[PDB]
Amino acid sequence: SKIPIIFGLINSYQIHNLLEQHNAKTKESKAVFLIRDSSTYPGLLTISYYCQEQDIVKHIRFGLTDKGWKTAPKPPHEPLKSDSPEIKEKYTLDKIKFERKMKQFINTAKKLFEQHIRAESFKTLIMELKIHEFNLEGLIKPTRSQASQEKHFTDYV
């Protein structure tokens, strides 16, 4: 009857309210966090947490590699209406780079996501959270109705 510790596809409003409910805004950055299905890249996981320094929710994507869960390629900074041509020119190269890296990354991550549903992959997720310095005590646990339906996480309890 155990509930996975991974959230399914939850919306941005709900992400913010879950972090606030668990007092993320009176605790250090990453002391409170949740783990959820990536909405953009199926097979990836996204860690959402509160950044005290910028007063915003931030998100970090992880994917399966042969070594276990690892950080996914990070996208460039979003375009802004004030961007100079120099910013825009750099964005072009960085986006192409991100797209090529992410494509290779998901090609491997999605295959591992599919083959090993009965998985010792769970321990490597805990390892990568520790490397990122997420306080494991501050993990927000989904309720049954909000937990991920993906079979890879059935035993992520």
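The first residue of the shown sequence is 1; numbering continues from there.
27-35 and 112-120 differ in mean CA B-factor, and the higher of the two is recorded for 112-120.
Mean CA B-factor, 84-92 versus 54-62: the higher value falls on 84-92.
In the PDB entry, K97 places in the middle third of its chain by CA B-factor. Remark: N135 belongs to the highest third of its chain, ranked by C-alpha B-factor as recorded. Sorting the modelled residues of the chain by their CA temperature factor places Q14 in the lowest third. In the deposited entry, the Cα temperature factor of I126 places it in the highest third of its chain's modelled residues.
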